[PDB]
$ cat work.cif   # mmCIF, C-alpha atoms and all ligand atoms
data_entry
#
loop_
_atom_site.label_atom_id
_atom_site.label_comp_id
_atom_site.auth_asym_id
_atom_site.auth_seq_id
_atom_site.Cartn_x
_atom_site.Cartn_y
_atom_site.Cartn_z
CA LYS J 4 0.00 0.00 0.00
CA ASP J 5 2.92 2.34 0.86
CA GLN J 6 4.15 1.86 -2.72
CA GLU J 7 1.04 3.78 -3.85
CA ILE J 8 1.86 7.13 -2.21
CA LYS J 9 4.32 8.19 -4.96
CA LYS J 10 1.95 6.98 -7.70
CA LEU J 11 -1.00 8.95 -6.32
CA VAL J 12 1.06 12.10 -5.85
CA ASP J 13 2.32 11.71 -9.44
CA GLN J 14 -1.25 11.29 -10.73
CA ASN J 15 -2.71 14.31 -8.89
CA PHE J 16 0.07 16.88 -8.37
CA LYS J 17 2.51 16.24 -11.24
CA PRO J 18 0.12 17.38 -14.07
CA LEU J 19 -0.24 20.79 -12.44
CA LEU J 20 3.35 21.72 -13.44
CA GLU J 21 2.50 21.61 -17.19
CA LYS J 22 -1.03 22.99 -16.71
CA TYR J 23 0.19 26.15 -14.91
CA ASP J 24 3.81 26.25 -16.20
CA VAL J 25 5.15 25.83 -12.64
CA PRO J 26 8.97 25.46 -12.63
CA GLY J 27 9.20 23.48 -9.35
CA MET J 28 7.12 21.71 -6.68
CA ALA J 29 7.58 19.76 -3.43
CA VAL J 30 4.80 17.52 -2.13
CA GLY J 31 5.09 15.80 1.25
CA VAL J 32 2.80 13.22 2.78
CA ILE J 33 3.00 11.92 6.30
CA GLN J 34 1.08 8.84 7.31
CA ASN J 35 1.42 6.90 10.58
CA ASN J 36 4.63 8.75 11.46
CA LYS J 37 6.21 7.83 8.06
CA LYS J 38 7.25 10.68 5.71
CA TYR J 39 7.17 10.75 1.92
CA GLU J 40 8.82 13.50 -0.14
CA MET J 41 8.08 14.07 -3.82
CA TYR J 42 10.20 16.61 -5.71
CA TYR J 43 9.58 17.96 -9.22
CA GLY J 44 11.29 20.39 -11.57
CA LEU J 45 13.50 23.33 -10.68
CA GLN J 46 13.96 25.71 -7.76
CA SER J 47 15.73 28.10 -10.17
CA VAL J 48 15.00 28.10 -13.93
CA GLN J 49 18.04 30.23 -14.80
CA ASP J 50 20.40 28.08 -12.68
CA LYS J 51 18.89 24.70 -13.72
CA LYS J 52 18.83 23.86 -10.02
CA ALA J 53 16.49 21.01 -9.02
CA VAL J 54 14.00 21.10 -6.17
CA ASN J 55 15.32 18.94 -3.35
CA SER J 56 15.05 18.51 0.42
CA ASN J 57 17.22 21.65 0.86
CA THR J 58 14.92 23.88 -1.24
CA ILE J 59 13.55 26.86 0.74
CA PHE J 60 10.08 28.12 -0.35
CA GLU J 61 8.07 31.17 0.81
CA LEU J 62 5.05 29.97 2.77
CA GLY J 63 2.98 33.18 2.50
CA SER J 64 -0.17 33.02 4.64
CA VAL J 65 0.91 29.67 5.99
CA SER J 66 3.26 31.77 8.15
CA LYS J 67 0.05 32.71 10.04
CA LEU J 68 0.15 29.18 11.53
CA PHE J 69 3.52 29.96 13.12
CA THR J 70 2.23 33.29 14.44
CA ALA J 71 -0.76 31.48 16.00
CA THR J 72 1.47 28.79 17.53
CA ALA J 73 3.68 31.58 18.90
CA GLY J 74 0.55 33.13 20.43
CA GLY J 75 -0.45 29.76 21.93
CA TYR J 76 3.04 29.39 23.42
CA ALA J 77 2.91 32.87 24.93
CA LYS J 78 -0.54 32.32 26.43
CA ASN J 79 0.48 29.05 28.05
CA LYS J 80 3.67 30.56 29.51
CA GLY J 81 1.31 33.17 31.05
CA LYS J 82 2.76 36.05 29.00
CA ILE J 83 -0.55 37.07 27.41
CA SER J 84 -4.27 36.38 27.72
CA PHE J 85 -6.54 36.19 24.68
CA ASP J 86 -8.78 38.57 26.65
CA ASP J 87 -6.08 41.28 26.81
CA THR J 88 -6.21 44.24 24.41
CA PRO J 89 -3.10 45.28 22.36
CA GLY J 90 -2.86 48.47 24.44
CA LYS J 91 -1.63 46.49 27.45
CA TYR J 92 1.49 45.62 25.42
CA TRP J 93 1.72 48.33 22.77
CA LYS J 94 1.65 51.28 25.18
CA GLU J 95 0.64 53.93 22.64
CA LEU J 96 -2.52 52.28 21.33
CA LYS J 97 -4.11 52.85 24.75
CA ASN J 98 -7.54 54.48 24.74
CA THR J 99 -7.72 54.24 20.94
CA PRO J 100 -10.73 52.48 19.32
CA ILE J 101 -8.41 49.54 18.43
CA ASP J 102 -7.79 48.99 22.17
CA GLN J 103 -11.36 47.74 22.52
CA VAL J 104 -10.35 44.79 20.35
CA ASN J 105 -8.90 41.83 22.20
CA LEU J 106 -6.03 39.59 21.09
CA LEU J 107 -8.27 36.70 19.99
CA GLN J 108 -10.41 38.97 17.83
CA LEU J 109 -7.31 40.21 15.98
CA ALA J 110 -5.91 36.71 15.50
CA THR J 111 -9.26 35.58 14.12
CA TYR J 112 -9.97 38.62 11.93
CA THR J 113 -13.04 40.03 13.71
CA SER J 114 -12.08 43.64 14.55
CA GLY J 115 -14.90 44.60 12.12
CA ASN J 116 -12.75 47.13 10.19
CA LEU J 117 -9.59 45.52 8.83
CA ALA J 118 -8.98 44.71 5.17
CA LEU J 119 -6.84 42.01 3.53
CA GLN J 120 -3.98 44.50 3.23
CA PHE J 121 -2.65 47.66 4.82
CA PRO J 122 -2.73 50.70 2.44
CA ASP J 123 0.27 50.74 0.06
CA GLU J 124 1.27 54.11 1.54
CA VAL J 125 1.93 52.43 4.93
CA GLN J 126 5.51 51.13 5.16
CA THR J 127 7.38 52.52 8.16
CA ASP J 128 7.05 51.43 11.80
CA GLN J 129 5.75 54.99 12.13
CA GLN J 130 2.99 54.68 9.50
CA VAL J 131 1.93 51.40 11.12
CA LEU J 132 1.48 52.99 14.57
CA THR J 133 -0.47 55.84 12.91
CA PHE J 134 -2.80 53.51 10.98
CA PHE J 135 -3.84 51.83 14.25
CA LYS J 136 -4.31 54.97 16.37
CA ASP J 137 -6.53 56.48 13.66
CA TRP J 138 -8.46 53.21 13.34
CA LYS J 139 -12.22 53.35 14.05
CA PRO J 140 -14.84 50.53 14.25
CA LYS J 141 -17.29 49.77 11.44
CA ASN J 142 -19.00 46.47 12.09
CA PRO J 143 -19.75 45.56 15.78
CA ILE J 144 -16.43 44.14 17.08
CA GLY J 145 -16.38 40.33 17.11
CA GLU J 146 -19.37 39.99 14.83
CA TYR J 147 -17.83 39.92 11.32
CA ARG J 148 -14.89 38.03 9.88
CA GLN J 149 -12.82 39.74 7.23
CA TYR J 150 -9.52 37.94 6.51
CA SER J 151 -6.75 40.49 7.13
CA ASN J 152 -2.91 40.66 7.22
CA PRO J 153 -3.00 43.73 9.49
CA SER J 154 -5.37 41.96 11.97
CA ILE J 155 -3.17 38.95 12.70
CA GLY J 156 -0.07 41.01 12.04
CA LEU J 157 -0.86 43.22 15.01
CA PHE J 158 -1.59 40.11 17.10
CA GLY J 159 1.84 38.91 15.99
CA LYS J 160 3.64 42.11 17.05
CA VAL J 161 1.83 42.00 20.42
CA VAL J 162 2.90 38.38 21.01
CA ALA J 163 6.49 39.53 20.48
CA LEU J 164 6.36 42.46 22.94
CA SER J 165 4.93 40.01 25.52
CA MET J 166 8.04 37.86 25.08
CA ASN J 167 10.45 40.85 25.03
CA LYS J 168 11.93 39.81 21.67
CA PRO J 169 11.23 41.12 18.12
CA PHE J 170 8.89 38.79 16.24
CA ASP J 171 11.73 37.30 14.18
CA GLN J 172 13.68 36.05 17.21
CA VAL J 173 10.49 34.60 18.72
CA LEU J 174 10.21 32.22 15.74
CA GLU J 175 13.91 31.67 14.96
CA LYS J 176 15.17 31.34 18.58
CA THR J 177 12.11 29.92 20.37
CA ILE J 178 9.35 28.49 18.19
CA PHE J 179 11.27 26.82 15.34
CA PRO J 180 13.78 25.01 17.68
CA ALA J 181 10.95 23.74 19.88
CA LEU J 182 9.28 22.28 16.75
CA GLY J 183 12.61 20.75 15.67
CA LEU J 184 12.76 22.69 12.41
CA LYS J 185 16.27 23.06 10.97
CA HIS J 186 15.68 25.26 7.90
CA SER J 187 12.79 27.63 8.64
CA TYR J 188 13.44 31.37 8.64
CA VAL J 189 11.94 34.79 8.92
CA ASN J 190 15.25 36.04 7.42
CA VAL J 191 17.08 33.58 5.18
CA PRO J 192 20.78 33.90 6.17
CA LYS J 193 23.67 34.25 3.69
CA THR J 194 24.71 30.59 3.93
CA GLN J 195 21.23 29.47 2.81
CA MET J 196 20.65 31.97 -0.03
CA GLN J 197 21.78 29.33 -2.58
CA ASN J 198 18.94 27.08 -1.29
CA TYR J 199 16.31 29.84 -1.58
CA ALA J 200 14.10 29.22 -4.64
CA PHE J 201 13.22 31.92 -7.04
CA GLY J 202 9.52 32.42 -7.08
CA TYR J 203 8.00 33.11 -10.50
CA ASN J 204 5.22 35.60 -11.23
CA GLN J 205 2.41 35.14 -13.73
CA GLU J 206 4.92 36.43 -16.32
CA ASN J 207 7.43 33.71 -15.29
CA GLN J 208 9.83 36.41 -14.02
CA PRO J 209 11.98 35.32 -11.01
CA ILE J 210 10.93 37.18 -7.83
CA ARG J 211 11.08 36.93 -4.07
CA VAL J 212 8.87 38.55 -1.43
CA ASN J 213 9.31 42.27 -0.80
CA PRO J 214 9.74 43.69 2.77
CA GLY J 215 6.37 45.01 4.05
CA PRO J 216 4.66 46.31 7.26
CA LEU J 217 4.13 43.48 9.80
CA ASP J 218 5.00 41.03 7.00
CA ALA J 219 6.80 38.42 9.15
CA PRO J 220 3.74 37.47 11.30
CA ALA J 221 1.34 37.67 8.31
CA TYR J 222 3.22 36.00 5.40
CA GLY J 223 6.98 36.25 6.01
CA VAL J 224 8.15 32.68 6.80
CA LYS J 225 10.24 30.48 4.49
CA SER J 226 10.73 26.73 4.98
CA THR J 227 11.74 23.40 3.36
CA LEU J 228 9.54 20.34 2.65
CA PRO J 229 11.20 18.32 5.49
CA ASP J 230 10.57 21.13 7.96
CA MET J 231 6.94 21.48 6.90
CA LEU J 232 6.41 17.71 7.29
CA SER J 233 7.91 18.00 10.79
CA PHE J 234 5.47 20.86 11.47
CA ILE J 235 2.58 18.64 10.34
CA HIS J 236 3.90 15.77 12.46
CA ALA J 237 3.88 18.06 15.53
CA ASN J 238 0.28 19.00 14.70
CA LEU J 239 -0.75 15.38 14.27
CA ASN J 240 1.19 13.86 17.14
CA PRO J 241 2.09 16.62 19.67
CA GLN J 242 2.35 14.57 22.88
CA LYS J 243 6.04 13.97 21.98
CA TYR J 244 7.07 17.65 21.96
CA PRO J 245 8.05 19.76 25.05
CA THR J 246 4.97 20.48 27.17
CA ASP J 247 5.43 24.18 26.30
CA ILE J 248 4.87 23.55 22.61
CA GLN J 249 2.25 20.79 23.02
CA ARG J 250 0.11 23.44 24.76
CA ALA J 251 0.82 25.97 21.99
CA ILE J 252 -0.25 23.47 19.29
CA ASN J 253 -3.42 22.38 21.17
CA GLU J 254 -4.40 26.06 21.38
CA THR J 255 -4.20 26.47 17.59
CA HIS J 256 -6.58 23.51 17.16
CA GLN J 257 -9.54 24.92 19.13
CA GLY J 258 -12.36 26.32 16.99
CA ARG J 259 -13.38 29.85 18.01
CA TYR J 260 -16.40 30.57 15.77
CA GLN J 261 -17.96 29.36 12.54
CA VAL J 262 -18.96 30.58 9.08
CA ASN J 263 -21.36 27.86 7.90
CA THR J 264 -19.10 24.82 7.36
CA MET J 265 -15.75 26.54 8.19
CA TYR J 266 -14.58 26.81 11.81
CA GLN J 267 -11.99 29.48 12.56
CA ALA J 268 -9.29 28.24 14.87
CA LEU J 269 -6.05 30.09 15.61
CA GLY J 270 -4.41 30.36 12.19
CA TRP J 271 -5.82 26.99 11.10
CA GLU J 272 -9.14 26.54 9.37
CA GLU J 273 -11.07 23.64 10.93
CA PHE J 274 -13.74 21.38 9.40
CA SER J 275 -15.76 18.34 10.36
CA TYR J 276 -14.22 15.18 8.92
CA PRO J 277 -14.88 13.72 6.47
CA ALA J 278 -15.45 17.01 4.65
CA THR J 279 -16.94 17.32 1.19
CA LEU J 280 -14.66 18.70 -1.50
CA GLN J 281 -16.85 21.80 -1.82
CA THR J 282 -16.67 22.45 1.92
CA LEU J 283 -12.88 22.69 1.60
CA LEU J 284 -13.12 24.75 -1.59
CA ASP J 285 -15.63 27.23 -0.01
CA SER J 286 -13.16 28.14 2.73
CA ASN J 287 -11.17 29.68 -0.09
CA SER J 288 -14.05 31.25 -2.07
CA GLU J 289 -14.24 34.97 -2.85
CA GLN J 290 -17.15 35.28 -0.40
CA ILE J 291 -15.06 33.91 2.46
CA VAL J 292 -11.57 35.27 1.64
CA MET J 293 -12.40 38.66 0.16
CA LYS J 294 -15.69 39.85 1.76
CA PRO J 295 -16.90 40.48 5.39
CA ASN J 296 -19.03 37.66 6.76
CA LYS J 297 -21.06 37.57 9.95
CA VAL J 298 -19.94 34.73 12.21
CA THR J 299 -21.94 32.49 14.55
CA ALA J 300 -20.95 30.64 17.73
CA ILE J 301 -19.95 27.03 17.22
CA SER J 302 -23.13 24.99 17.34
CA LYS J 303 -22.02 21.54 16.09
CA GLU J 304 -18.73 20.78 17.82
CA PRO J 305 -17.16 18.40 15.21
CA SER J 306 -16.27 15.04 16.76
CA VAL J 307 -13.56 14.27 14.19
CA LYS J 308 -11.82 17.34 12.77
CA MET J 309 -9.53 18.12 9.84
CA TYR J 310 -7.51 21.32 9.42
CA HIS J 311 -6.09 23.24 6.48
CA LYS J 312 -4.46 26.49 5.37
CA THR J 313 -3.45 27.97 1.95
CA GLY J 314 -0.56 30.44 1.50
CA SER J 315 0.64 32.71 -1.32
CA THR J 316 3.29 35.24 -2.15
CA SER J 317 3.69 36.84 -5.55
CA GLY J 318 5.75 33.88 -6.73
CA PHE J 319 4.94 30.97 -4.37
CA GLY J 320 1.90 28.71 -3.58
CA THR J 321 1.55 26.71 -0.33
CA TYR J 322 -1.03 24.35 1.09
CA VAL J 323 -1.06 22.28 4.26
CA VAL J 324 -3.77 19.89 5.57
CA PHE J 325 -3.92 17.24 8.30
CA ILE J 326 -6.47 14.79 9.76
CA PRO J 327 -5.43 13.75 13.34
CA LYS J 328 -7.61 10.63 13.50
CA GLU J 329 -6.35 9.29 10.18
CA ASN J 330 -2.83 10.19 11.32
CA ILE J 331 -2.17 11.73 7.85
CA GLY J 332 -1.31 15.13 6.38
CA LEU J 333 0.00 16.77 3.18
CA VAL J 334 2.22 19.73 2.27
CA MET J 335 2.41 21.25 -1.20
CA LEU J 336 5.04 23.94 -1.97
CA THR J 337 5.35 25.57 -5.43
CA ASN J 338 7.54 28.36 -6.78
CA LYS J 339 4.65 29.62 -8.84
CA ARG J 340 1.10 30.25 -7.68
CA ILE J 341 -1.63 27.90 -8.90
CA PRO J 342 -5.38 28.36 -8.08
CA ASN J 343 -6.11 27.54 -4.44
CA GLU J 344 -8.84 25.20 -5.66
CA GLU J 345 -6.24 23.13 -7.54
CA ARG J 346 -4.15 22.72 -4.38
CA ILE J 347 -7.17 21.72 -2.31
CA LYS J 348 -8.54 19.25 -4.87
CA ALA J 349 -5.26 17.43 -5.46
CA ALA J 350 -4.72 17.05 -1.71
CA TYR J 351 -8.30 15.78 -1.33
CA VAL J 352 -7.89 12.95 -3.91
CA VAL J 353 -4.57 11.78 -2.45
CA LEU J 354 -5.55 11.83 1.23
CA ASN J 355 -8.85 10.09 0.38
CA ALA J 356 -7.15 7.40 -1.75
CA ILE J 357 -4.72 6.46 1.05
CA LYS J 358 -7.26 6.58 3.91
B1 LIG B 401 -2.06 34.86 2.50
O1 LIG B 401 -1.04 34.25 1.56
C1 LIG B 401 -1.89 36.45 2.53
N1 LIG B 401 -2.05 37.02 1.20
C2 LIG B 401 -2.15 36.48 -0.01
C3 LIG B 401 -2.30 37.56 -0.89
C4 LIG B 401 -2.44 37.45 -2.38
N2 LIG B 401 -1.49 38.44 -2.91
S1 LIG B 401 -0.19 37.69 -3.49
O2 LIG B 401 -0.20 37.91 -4.92
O3 LIG B 401 -0.37 36.28 -3.31
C5 LIG B 401 1.25 38.29 -2.79
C6 LIG B 401 1.31 39.13 -1.47
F1 LIG B 401 0.86 38.43 -0.43
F2 LIG B 401 0.64 40.28 -1.58
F3 LIG B 401 2.57 39.45 -1.16
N3 LIG B 401 -2.28 38.72 -0.19
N4 LIG B 401 -2.13 38.42 1.18
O4 LIG B 401 -3.43 34.59 2.17
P1 LIG B 401 -4.16 33.26 1.60
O5 LIG B 401 -3.20 32.39 0.80
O6 LIG B 401 -5.32 33.66 0.71
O7 LIG B 401 -4.79 32.52 2.77
#
$ encode --input "work.cif" --output "structure tokens"
Amino acid sequence: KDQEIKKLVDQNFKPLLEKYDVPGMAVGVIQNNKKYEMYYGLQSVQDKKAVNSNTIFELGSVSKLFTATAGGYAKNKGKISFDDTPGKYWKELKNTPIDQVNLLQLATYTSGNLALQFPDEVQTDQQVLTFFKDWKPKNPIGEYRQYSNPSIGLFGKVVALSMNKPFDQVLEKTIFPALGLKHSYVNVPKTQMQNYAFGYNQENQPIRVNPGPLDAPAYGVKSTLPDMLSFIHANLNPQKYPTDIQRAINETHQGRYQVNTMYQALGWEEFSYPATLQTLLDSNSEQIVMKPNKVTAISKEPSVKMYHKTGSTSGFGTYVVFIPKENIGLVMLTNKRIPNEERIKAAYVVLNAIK
């Protein structure tokens, strides 16, 4: 049966390279603590350099999972409460309309007035602080989800202040080591630059992510396929990790609210398992990703859960999914974006075929 994992990944992921002209791709499956890595094509077209276990890809919004885990770690070490407001930590946002929003609401996008992106004009630490002070409510706080890089990005920055280290050191010095990751970075160091893939835009130009305001917590992490499989392993099978980080991971798995069939946990999207294909696809629909939606309390607490998250930068696509009770998960990393629905579908066919 194990000798089917490669075949299935070949059948479902491999065709996407030709269909979308993707130079390179890494697909990982973990099943019953056993890892499978499938590499395709090139990390650099110009250099004729193959994707391999050393290839570093940009995770985009999948970084949000690390931010959430870092939040979970900080809560369980007593450094923050999800009930606190940013103003307790960012002394300067005190008494501003933002400081009626609590840390959970930010992490889970329900401030009621935050968009997918900051305005292009905002770049400096100084413009960031200004944006937040001037911020005013629109929807009743807590009531509406609009997916937002500023929302979780501020949560991210707050988690860092609470640990008295800049966000980058929180991940590189604390979170990544605890998860046993060897090649995951906020800032790819000089000795790894040769392992850093070019991303490729829709014009097949080589590109990498540009510095941006509160980028690290929102979409600024880079990682390898082995590291991401280790991250999924930790999610699937946490009891093995330091108690600190087991607690942090548990915290990211708890659903906070729903939007019909999608449960918002911390970073992760949660669903009842088995989920229909369209349930998974809907989490990534324009309605959900791009538009405000009123939430509801969790009514059905799913017995058996599965979790996913997509990620994108201008030249990179990412998807991660896991099902604890099947003890399986999948990671897809590309150095060109392909439609989210393509990622989700391919993963669905493979994980279903094995389990
Ligand atoms: B996250 O990856 C955050 N995200 C994605 C986008 C789409 N813009 S982009 O072209 O992919 C590049 C950018 F991020 F802007 F740098 N904007 N913010 O979100 P998802 O993958 O949708 O969950």
$ axis_aligned_box --input "work.cif" --around "ligand LIG 401 (chain B)" --padding-each-side "3 Å" --output "JSON"
{"center_x": -1.4, "center_y": 36.3, "center_z": -1.1, "size_x": 13.9, "size_y": 13.9, "size_z": 13.7}
$ residues_near_point --input "work.cif" --point "(-3.8, 13.5, 14.4)" --cutoff "8 Å" --atoms "all atoms listed in the file" --output "count of residues only"
10
$ atom_distance --input "work.cif" --atom1 "CA of residue 40 (chain J)" --atom2 "CA of residue 315 (chain J)"
20.9 Å
$ residues_around --input "work.cif" --residues "residue 60 (chain J)" --least-positions-apart "5" --cutoff "7 Å" --atoms "all atoms listed in the file" --output "PyMOL selection string"
chain J and resi 199-200+225-227+336+338
$ residues_around --input "work.cif" --residues "region 278-281 of chain J" --least-positions-apart "2" --cutoff "8 Å" --atoms "all atoms listed in the file" --output "ChimeraX atom specification"
/J:274-276,283-285,309,348,351
$ residues_near_ligand --input "work.cif" --ligand "ligand LIG 401 (chain B)" --cutoff "6 Å" --atoms "only C-alpha atoms and all ligand atoms" --output "count of residues only"
8
$ closest_atom_pairs --input "work.cif" --of "region 113-171 of chain J" --to "region 68-86 of chain J" --cutoff "10 Å" --atoms "only C-alpha atoms" --output "JSON lines"
{"residue": "J:155", "atom": "CA", "partner": "J:70", "partner_atom": "CA", "distance": 8.0}
{"residue": "J:156", "atom": "CA", "partner": "J:70", "partner_atom": "CA", "distance": 8.4}
{"residue": "J:158", "atom": "CA", "partner": "J:74", "partner_atom": "CA", "distance": 8.0}
{"residue": "J:159", "atom": "CA", "partner": "J:70", "partner_atom": "CA", "distance": 5.8}
{"residue": "J:160", "atom": "CA", "partner": "J:70", "partner_atom": "CA", "distance": 9.3}
{"residue": "J:161", "atom": "CA", "partner": "J:83", "partner_atom": "CA", "distance": 8.9}
{"residue": "J:162", "atom": "CA", "partner": "J:74", "partner_atom": "CA", "distance": 5.8}
{"residue": "J:163", "atom": "CA", "partner": "J:73", "partner_atom": "CA", "distance": 8.6}
{"residue": "J:164", "atom": "CA", "partner": "J:82", "partner_atom": "CA", "distance": 9.5}
{"residue": "J:165", "atom": "CA", "partner": "J:82", "partner_atom": "CA", "distance": 5.7}
{"residue": "J:166", "atom": "CA", "partner": "J:82", "partner_atom": "CA", "distance": 6.8}
{"residue": "J:167", "atom": "CA", "partner": "J:82", "partner_atom": "CA", "distance": 9.9}
{"residue": "J:170", "atom": "CA", "partner": "J:70", "partner_atom": "CA", "distance": 8.8}
$ write_last_selection --input "work.cif" --atoms "C-alpha atoms" --output "CSV table (one decimal), keeping the file's coordinate frame"
chain,number,residue,atom,x,y,z
J,155,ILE,CA,-3.2,39.0,12.7
J,156,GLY,CA,-0.1,41.0,12.0
J,158,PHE,CA,-1.6,40.1,17.1
J,159,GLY,CA,1.8,38.9,16.0
J,160,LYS,CA,3.6,42.1,17.0
J,161,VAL,CA,1.8,42.0,20.4
J,162,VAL,CA,2.9,38.4,21.0
J,163,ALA,CA,6.5,39.5,20.5
J,164,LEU,CA,6.4,42.5,22.9
J,165,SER,CA,4.9,40.0,25.5
J,166,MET,CA,8.0,37.9,25.1
J,167,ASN,CA,10.4,40.8,25.0
J,170,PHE,CA,8.9,38.8,16.2
$ closest_residue --input "work.cif" --among "J:17, J:319, J:191, J:22" --to "residue 337 (chain J)" --atoms "all atoms listed in the file"
J:319
$ residues_around --input "work.cif" --residues "residue 188 (chain J)" --least-positions-apart "6" --cutoff "10 Å" --atoms "all atoms listed in the file" --output "count of residues only"
14
$ residues_around --input "work.cif" --residues "residue 55 (chain J)" --least-positions-apart "5" --cutoff "12 Å" --atoms "all atoms listed in the file" --output "PDB file with C-alpha atoms, keeping the file's coordinate frame"
ATOM      1  CA  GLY J  27       9.200  23.480  -9.350  1.00  0.00           C
ATOM      2  CA  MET J  28       7.120  21.710  -6.680  1.00  0.00           C
ATOM      3  CA  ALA J  29       7.580  19.760  -3.430  1.00  0.00           C
ATOM      4  CA  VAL J  30       4.800  17.520  -2.130  1.00  0.00           C
ATOM      5  CA  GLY J  31       5.090  15.800   1.250  1.00  0.00           C
ATOM      6  CA  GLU J  40       8.820  13.500  -0.140  1.00  0.00           C
ATOM      7  CA  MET J  41       8.080  14.070  -3.820  1.00  0.00           C
ATOM      8  CA  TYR J  42      10.200  16.610  -5.710  1.00  0.00           C
ATOM      9  CA  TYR J  43       9.580  17.960  -9.220  1.00  0.00           C
ATOM     10  CA  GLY J  44      11.290  20.390 -11.570  1.00  0.00           C
ATOM     11  CA  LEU J  45      13.500  23.330 -10.680  1.00  0.00           C
ATOM     12  CA  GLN J  46      13.960  25.710  -7.760  1.00  0.00           C
ATOM     13  CA  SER J  47      15.730  28.100 -10.170  1.00  0.00           C
ATOM     14  CA  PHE J  60      10.080  28.120  -0.350  1.00  0.00           C
ATOM     15  CA  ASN J 198      18.940  27.080  -1.290  1.00  0.00           C
ATOM     16  CA  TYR J 199      16.310  29.840  -1.580  1.00  0.00           C
ATOM     17  CA  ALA J 200      14.100  29.220  -4.640  1.00  0.00           C
ATOM     18  CA  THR J 227      11.740  23.400   3.360  1.00  0.00           C
ATOM     19  CA  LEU J 228       9.540  20.340   2.650  1.00  0.00           C
ATOM     20  CA  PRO J 229      11.200  18.320   5.490  1.00  0.00           C
ATOM     21  CA  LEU J 336       5.040  23.940  -1.970  1.00  0.00           C
TER      22      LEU J 336
END
$ residues_near_point --input "work.cif" --point "(-4.7, 46.4, 3.9)" --cutoff "6 Å" --atoms "all atoms listed in the file" --output "list in words"
residues 118, 119, 120, 121 and 122 of chain J
$ atom_distance --input "work.cif" --atom1 "CA of residue 154 (chain J)" --atom2 "CA of residue 307 (chain J)"
29.0 Å
$ atom_distance --input "work.cif" --atom1 "CA of residue 204 (chain J)" --atom2 "CA of residue 342 (chain J)"
13.2 Å
$ closest_residue --input "work.cif" --among "J:135, J:147, J:234, J:260" --to "residue 65 (chain J)" --atoms "only C-alpha atoms"
J:234
$ closest_residue --input "work.cif" --among "J:19, J:125, J:132, J:333" --to "residue 345 (chain J)" --atoms "all atoms listed in the file"
J:19
$ residues_around --input "work.cif" --residues "residue 273 (chain J)" --least-positions-apart "5" --cutoff "8 Å" --atoms "all atoms listed in the file" --output "VMD selection string"
chain J and resid 256 258 265 to 268 308 to 311
